[PDB]
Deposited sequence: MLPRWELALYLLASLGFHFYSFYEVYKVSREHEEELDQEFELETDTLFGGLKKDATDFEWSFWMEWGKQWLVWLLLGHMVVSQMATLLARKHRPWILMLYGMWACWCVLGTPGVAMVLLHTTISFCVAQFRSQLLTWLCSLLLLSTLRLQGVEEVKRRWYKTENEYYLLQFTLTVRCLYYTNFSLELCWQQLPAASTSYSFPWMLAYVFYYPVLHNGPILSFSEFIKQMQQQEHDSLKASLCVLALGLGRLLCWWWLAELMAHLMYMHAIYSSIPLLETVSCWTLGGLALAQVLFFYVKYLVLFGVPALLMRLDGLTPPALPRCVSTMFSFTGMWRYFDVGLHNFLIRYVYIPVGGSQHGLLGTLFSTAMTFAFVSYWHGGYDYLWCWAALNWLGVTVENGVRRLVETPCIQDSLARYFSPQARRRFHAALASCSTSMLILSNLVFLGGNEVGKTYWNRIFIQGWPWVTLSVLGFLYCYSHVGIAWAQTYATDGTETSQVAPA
């Protein structure tokens, strides 16, 4: 739709500001290595020369420590047990994998963790026997809320010597919430308690795993057709290669840049240059992207070896230019869960504007509550609900025959694409701001809003919007490949 030279120029500019802002963040990290180390205890390792890692990101360090210690071995054991069951007892493989999932949960979280998972699953099943969507959702929400009760938290913490085990239990139960809610809502043979236990105690997704639809799980656990062993080894080899590449990329990002430590020190984030701010935002979003790429590629690889089709991994955040695409293609599993069980039951987007607003509000409110329900989470939810609603409204307005005819008559297709890129620039800026609120909280959001949109309205804002305009041209050009279908 655009000249090849023009799109090449936009791609060059996009890579340019990406890498230059990364370089600026690296320089700022080198300047304040001593201060950040004193204040946040940067870790020392030999992976990248004498560089020191930034371990201030809780999720990355938590899951890396767990994988070093126990989870990698348990995942390998699940892989081996699944292959052995396929070779020996294919018809009983779901139950062997259920048994292995329960045993691994016992190994990491002890008896209390398995007992809690079973209690939640049984309560959800019993409530689902009353085939009412409202009752099932109320039960799931109450079980989710129980995780945040101070007394329950104290009792749970008394079970484990270390805090990491308690956090692992909390994450496991948070994901089990989605899993057994999915099962119960689909329930409204093939939906019996053994199948629910197999679905819940499926190890690849036990801790932090993406929501895998029960329909696909049961359909693909009863297939009885499997790929040869050599094909499984080839798939495992390629998946491991890509996973190691992604893990190395995340470690390199944490070593070169200390985005997490800098975001922790608001006073520092308020005195860095504008290029450093942009680079910090890009590095934060891309580190989150690569982190969940690694955290879903292990479950995804295990499911692929098991013969399941896992939800698609997140798409490069440096190709996302809109709220709708961002939330369609980043967490595909959770997006599908929300579409089927939250968005559509409350009318989706087929009951006028107000219905669409209400459905989006319910979806984002549930997502924020699931993530913890903190004030910054609610803020993120409000911002993203507003962004998605505005995008849907503009899309509908343009889709009207009158507006479409006027645009075709007045503006050339190149002009239309340029206008689309200009709008997507502001959309991307707001999306980045909301996701920075998510990652760094309200202080980071206030800092970015003031230093980019208030204290730098004349030229900082226009520079950011021009760079995001080039970025959005490049993102729409790429989205033509997949977004069309």
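- Residues 189-196, 494-503 of the deposited sequence, counted from 1, carry no C-alpha coordinates in the model.
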